[PDB]
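Below: one structure, written as structure tokens.
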Amino acid sequence: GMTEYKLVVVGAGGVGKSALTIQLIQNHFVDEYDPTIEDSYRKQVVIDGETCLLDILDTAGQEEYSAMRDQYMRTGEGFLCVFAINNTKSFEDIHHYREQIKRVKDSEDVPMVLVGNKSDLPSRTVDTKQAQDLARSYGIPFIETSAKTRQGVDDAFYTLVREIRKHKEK
Ligand SMILES: Nc1nc2c(ncn2[C@@H]2O[C@H](COP(=O)(O)OP(=O)(O)O)[C@@H](O)[C@H]2O)c(=O)[nH]1
Ligand SMILES: c1ccc2c(Cc3nc4cnccc4[nH]3)c[nH]c2c1
Ligand SMILES: [Mg+2]
């Protein structure tokens, strides 16, 4: 089969994980998507000439059993760590996601991309400079997106695939 990349989208409720995923997969903006639904989605794409499958888990937070969270973190090859630019707590929550994914994978080298969503809003509490400083501390890429206009969307997912390839070649 063609290569499949298992991507996981994490971050606080309300940041735009579902909207980002649906924009990536279906090329439309979805206004209201029940915040409690967690599902996986697939798309066949071409990234830098490679025809591959993206298999994306749109997470929704606590699970019935914490074992289920540990399971999808071990399964997942790369993580989009999403905050919203107008929600400071969602940015502070990134430190928790960064640590928990490393912890469950028992790894210091986990492909990740920091995503600041909702860039289309003028309302902003997290300045690009402060998100860049966080991503520099982690040594990972940072991309500002808008699931509403689709700006940055393919970059965020495709950049995570590229990070996974750099991990796999070691
Ligand atoms: N303006 C704007 N609103 C967005 C964007 N992404 C998501 N939203 C809205 O933010 C709310 C939460 O989005 P949702 O995808 O359900 O977030 P999730 O809980 O992380 O899955 C919804 O009302 C979305 O329409 C964006 O890029 N720009
Ligand atoms: C990354 C990590 C796990 C999965 C899976 C397995 C899976 N894990 C799940 C947890 N909750 C709801 C649905 C779920 N499906 C499918 N695509 C993935 C991408
Ligand atoms: Mg959601």
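How things are named: the first chain in the structure tokens is A, the next is B, and so on; residues count from 1 in each chain; ligands count from 1 in the order shown.
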| request: Using only C-alpha atoms, determine which residues lie at most 7 Å from region 87-98 of chain A, disregarding the query and same-chain residues fewer than 3 positions distant; provide the list as a PyMOL selection string. | output: chain A and resi 11-12+81+83-84+101-102+125-126
Any chance you can output those residues with N, CA, C and O atoms as a JSON list (two decimals), in the first residue's frame?
[["chain", "number", "residue", "atom", "x", "y", "z"],
["A", 11, "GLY", "N", -5.25, 19.73, 21.30],
["A", 11, "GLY", "CA", -5.38, 21.13, 21.79],
["A", 11, "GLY", "C", -6.73, 21.32, 22.50],
["A", 11, "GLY", "O", -7.64, 20.43, 22.43],
["A", 12, "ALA", "N", -6.82, 22.43, 23.22],
["A", 12, "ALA", "CA", -8.06, 22.73, 24.01],
["A", 12, "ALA", "C", -9.29, 22.71, 23.17],
["A", 12, "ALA", "O", -9.32, 23.01, 21.98],
["A", 81, "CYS", "N", -0.21, 20.44, 17.38],
["A", 81, "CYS", "CA", -0.57, 21.03, 18.71],
["A", 81, "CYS", "C", -1.17, 22.40, 18.45],
["A", 81, "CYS", "O", -0.43, 23.34, 18.13],
["A", 83, "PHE", "N", -3.34, 25.76, 19.22],
["A", 83, "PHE", "CA", -4.03, 26.78, 20.09],
["A", 83, "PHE", "C", -4.74, 27.78, 19.24],
["A", 83, "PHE", "O", -4.58, 27.77, 18.01],
["A", 84, "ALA", "N", -5.57, 28.62, 19.84],
["A", 84, "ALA", "CA", -6.22, 29.67, 19.10],
["A", 84, "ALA", "C", -5.54, 31.00, 19.49],
["A", 84, "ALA", "O", -5.27, 31.26, 20.70],
["A", 101, "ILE", "N", 2.32, 13.88, 25.39],
["A", 101, "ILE", "CA", 2.65, 13.02, 24.23],
["A", 101, "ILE", "C", 4.08, 12.44, 24.40],
["A", 101, "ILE", "O", 4.25, 11.24, 24.16],
["A", 102, "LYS", "N", 5.09, 13.23, 24.78],
["A", 102, "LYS", "CA", 6.42, 12.69, 25.04],
["A", 102, "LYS", "C", 6.39, 11.63, 26.11],
["A", 102, "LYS", "O", 7.08, 10.59, 25.98],
["A", 125, "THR", "N", -4.77, 37.54, 21.51],
["A", 125, "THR", "CA", -4.05, 37.63, 22.75],
["A", 125, "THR", "C", -2.69, 37.00, 22.78],
["A", 125, "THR", "O", -1.92, 37.22, 23.70],
["A", 126, "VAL", "N", -2.39, 36.17, 21.76],
["A", 126, "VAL", "CA", -1.09, 35.49, 21.66],
["A", 126, "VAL", "C", -0.40, 36.06, 20.44],
["A", 126, "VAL", "O", -0.77, 35.78, 19.29]]
| request: Please give me, as a PyMOL selection string, the residues lying within 12 Å of ligand 3 when counting only C-alpha atoms and all ligand atoms. | output: chain A and resi 9-22+30-40+57-61+82
| request: Please report, as a PyMOL selection string, each residue of chain A to which DSSP assigns strand (DSSP E or B) when run on this structure's backbone. | output: chain A and resi 4-10+39-47+50-58+78-84+112-117+142-144
Expected file: the selected residues, N, CA and C atoms, as a tab-separated table (two decimals), in the first residue's frame:
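The resulting out21.tsv:
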chain	number	residue	atom	x	y	z
A	4	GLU	N	1.07	5.51	4.61
A	4	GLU	CA	0.03	6.21	5.39
A	4	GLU	C	0.72	6.92	6.54
A	5	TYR	N	0.36	8.19	6.79
A	5	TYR	CA	0.93	8.98	7.94
A	5	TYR	C	-0.21	9.13	8.91
A	6	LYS	N	0.02	8.63	10.12
A	6	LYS	CA	-0.93	8.75	11.23
A	6	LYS	C	-0.72	10.06	11.97
A	7	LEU	N	-1.65	11.01	11.79
A	7	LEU	CA	-1.47	12.34	12.39
A	7	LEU	C	-2.54	12.45	13.44
A	8	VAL	N	-2.19	13.14	14.53
A	8	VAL	CA	-3.12	13.42	15.61
A	8	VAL	C	-3.23	14.93	15.85
A	9	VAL	N	-4.47	15.47	15.90
A	9	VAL	CA	-4.69	16.89	16.10
A	9	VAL	C	-5.12	17.06	17.57
A	10	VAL	N	-4.32	17.78	18.39
A	10	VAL	CA	-4.61	17.95	19.83
A	10	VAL	C	-4.67	19.44	20.14
A	39	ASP	N	-13.22	11.60	16.03
A	39	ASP	CA	-13.32	10.65	14.88
A	39	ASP	C	-12.00	10.78	14.10
A	40	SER	N	-11.73	9.74	13.31
A	40	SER	CA	-10.61	9.78	12.34
A	40	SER	C	-11.11	10.00	10.90
A	41	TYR	N	-10.27	10.55	10.07
A	41	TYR	CA	-10.62	10.95	8.74
A	41	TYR	C	-9.44	10.62	7.86
A	42	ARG	N	-9.69	10.27	6.59
A	42	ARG	CA	-8.64	9.91	5.65
A	42	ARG	C	-8.72	10.77	4.39
A	43	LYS	N	-7.55	11.03	3.80
A	43	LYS	CA	-7.44	11.73	2.52
A	43	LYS	C	-6.22	11.24	1.83
A	44	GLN	N	-6.30	10.95	0.57
A	44	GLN	CA	-5.12	10.65	-0.27
A	44	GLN	C	-4.63	11.93	-0.88
A	45	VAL	N	-3.35	12.22	-0.74
A	45	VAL	CA	-2.77	13.49	-1.15
A	45	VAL	C	-1.44	13.20	-1.86
A	46	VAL	N	-0.82	14.25	-2.43
A	46	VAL	CA	0.52	14.18	-2.98
A	46	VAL	C	1.30	15.23	-2.25
A	47	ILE	N	2.39	14.85	-1.59
A	47	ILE	CA	3.20	15.75	-0.84
A	47	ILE	C	4.61	15.59	-1.33
A	50	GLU	N	5.13	12.50	-3.50
A	50	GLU	CA	4.76	11.21	-2.97
A	50	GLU	C	3.23	11.14	-2.82
A	51	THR	N	2.63	10.16	-3.44
A	51	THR	CA	1.20	9.87	-3.22
A	51	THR	C	1.10	9.09	-1.90
A	52	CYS	N	0.37	9.61	-0.92
A	52	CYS	CA	0.30	9.02	0.42
A	52	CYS	C	-1.09	9.26	0.98
A	53	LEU	N	-1.35	8.55	2.04
A	53	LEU	CA	-2.63	8.64	2.74
A	53	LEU	C	-2.36	9.41	4.06
A	54	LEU	N	-3.15	10.41	4.36
A	54	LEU	CA	-3.18	11.03	5.69
A	54	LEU	C	-4.33	10.37	6.45
A	55	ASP	N	-4.02	9.88	7.62
A	55	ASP	CA	-5.03	9.25	8.51
A	55	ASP	C	-5.04	10.06	9.78
A	56	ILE	N	-6.02	10.91	9.92
A	56	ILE	CA	-5.97	12.00	10.94
A	56	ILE	C	-6.98	11.72	12.01
A	57	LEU	N	-6.54	11.75	13.22
A	57	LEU	CA	-7.42	11.67	14.42
A	57	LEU	C	-7.71	13.07	14.91
A	58	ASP	N	-8.95	13.48	14.87
A	58	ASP	CA	-9.46	14.76	15.40
A	58	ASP	C	-9.88	14.47	16.85
A	78	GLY	N	2.77	11.74	14.35
A	78	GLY	CA	3.05	13.19	14.47
A	78	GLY	C	1.81	13.82	15.05
A	79	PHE	N	2.04	14.99	15.66
A	79	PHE	CA	0.95	15.72	16.42
A	79	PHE	C	0.92	17.15	16.04
A	80	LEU	N	-0.23	17.60	15.65
A	80	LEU	CA	-0.50	19.05	15.45
A	80	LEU	C	-0.98	19.54	16.80
A	81	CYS	N	-0.21	20.44	17.38
A	81	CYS	CA	-0.57	21.03	18.71
A	81	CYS	C	-1.17	22.40	18.45
A	82	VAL	N	-2.51	22.44	18.61
A	82	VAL	CA	-3.24	23.60	18.14
A	82	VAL	C	-3.63	24.46	19.34
A	83	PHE	N	-3.34	25.76	19.22
A	83	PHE	CA	-4.03	26.78	20.09
A	83	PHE	C	-4.74	27.78	19.24
A	84	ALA	N	-5.57	28.62	19.84
A	84	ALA	CA	-6.22	29.67	19.10
A	84	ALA	C	-5.54	31.00	19.49
A	112	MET	N	6.15	17.01	15.76
A	112	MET	CA	5.10	17.90	16.16
A	112	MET	C	5.23	19.18	15.41
A	113	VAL	N	4.07	19.87	15.21
A	113	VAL	CA	4.02	21.24	14.69
A	113	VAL	C	3.16	22.05	15.56
A	114	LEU	N	3.59	23.27	15.91
A	114	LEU	CA	2.75	24.21	16.72
A	114	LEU	C	1.90	24.99	15.75
A	115	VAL	N	0.57	25.02	16.01
A	115	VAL	CA	-0.37	25.71	15.15
A	115	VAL	C	-1.15	26.74	15.92
A	116	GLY	N	-1.08	27.98	15.44
A	116	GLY	CA	-1.92	29.06	16.03
A	116	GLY	C	-3.06	29.32	15.10
A	117	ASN	N	-4.25	28.86	15.46
A	117	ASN	CA	-5.44	28.95	14.58
A	117	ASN	C	-6.23	30.20	14.82
A	142	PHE	N	6.39	26.31	13.54
A	142	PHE	CA	5.19	27.03	13.95
A	142	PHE	C	4.49	27.63	12.76
A	143	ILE	N	3.21	27.40	12.62
A	143	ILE	CA	2.41	27.94	11.53
A	143	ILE	C	1.11	28.55	12.06
A	144	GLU	N	0.78	29.78	11.67
A	144	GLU	CA	-0.52	30.37	11.93
A	144	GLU	C	-1.44	30.02	10.84
| query | When distances are computed from only C-alpha atoms and all ligand atoms, which of A:3, A:27, A:71, A:66 shows the smallest separation from ligand 2? | reply | A:71
| Counting only C-alpha atoms, what is within 12 Å of residue 122 (chain A), bar same-chain residues fewer than 6 positions away, as a VMD selection string? | chain A and resid 85 to 86 146
| task | Give me every helix (DSSP H, G or I) residue in region 6-166 of chain A, going by DSSP on the backbone, as number ranges by chain. | result | A: 17-26, 66-75, 88-105, 128-138, 153-166
| request: Would you mind telling me which residue in A:67, A:156, A:147, A:134 lies nearest to ligand 2 when using only C-alpha atoms and all ligand atoms? | output: A:67
| task | For each of A:25, A:73, A:121, A:164, take the minimum atom-to-atom distance to ligand 2, counting only C-alpha atoms and all ligand atoms, then give the residue where this is smallest. | result |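 Closest residue, counting only C-alpha atoms and all ligand atoms: A:73.
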| field | Nearest-residue call for residue 162 (chain A), choices A:29, A:127, A:111, A:106, using only C-alpha atoms | value |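 When distances to residue 162 (chain A) are compared using only C-alpha atoms, the smallest one comes from A:111.
Nearest to ligand 1 of all the residues A:123, A:26, A:137, A:107 is A:123, counting only C-alpha atoms and all ligand atoms.
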| task | Identify which of the residues A:28, A:148, A:129, A:69 lies closest to ligand 2, counting only C-alpha atoms and all ligand atoms when measuring atom-to-atom distances. | result | A:69
| field | Atomic distance atom 11 (C, counted along the ligand's line) of ligand 1 - CA of residue 75 (chain A), expressed in Å with one decimal | value |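 Separating atom 11 (C, counted along the ligand's line) of ligand 1 from CA of residue 75 (chain A) is a distance of 26.9 Å.
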